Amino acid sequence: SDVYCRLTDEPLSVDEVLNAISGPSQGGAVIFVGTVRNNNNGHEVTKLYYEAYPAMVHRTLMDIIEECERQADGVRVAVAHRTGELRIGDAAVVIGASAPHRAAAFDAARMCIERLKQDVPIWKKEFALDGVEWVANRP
């Protein structure tokens, strides 16, 4: 069953991510949703932009997905990250991991987002209302 790994300017779909990992053998599923908070480091955030070269980002996510899926039998991982402009409350990243039982779903979902934050080459440009801006090549 083919990997689900989406970059898109459109709002993310938790329903697509869950559907992509569902199955009659999968009894547990864990979805993580990361959203733009209204405050960063004691400043009031106004907007974010995300930039990425898709093939190079998809390559890194495949490493993570393979690492998560080889942790335990029957584990399936799917990932969606948004690009473009996001506002407060928008979902920036949605990851899901399913397994026959809940423990392995939790294990894989946690690992997937930790590696994604550590390793995935997606540029972040964050703006605060008082002029400050942050740039980083991770999200």
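Start at 1 and count along the sequence shown; that's the residue number.
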| item | value |
| --- | --- |
| Entry-level comparison of average CA B-factors, 94-102 and 41-49, reporting the higher stretch | 41-49 |
| Chain thirds of CA B-factor: placement of residue 55 | highest |
| Ranked against its chain, the third holding the CA B-factor of residue 84 | highest |
| Third of chain Cα B-factors occupied by residue 71 | highest |
| Residue 14 - Cα temperature factor, lowest/middle/highest third of chain | middle |
| Chain-relative CA temperature factor third for residue 120 | middle |
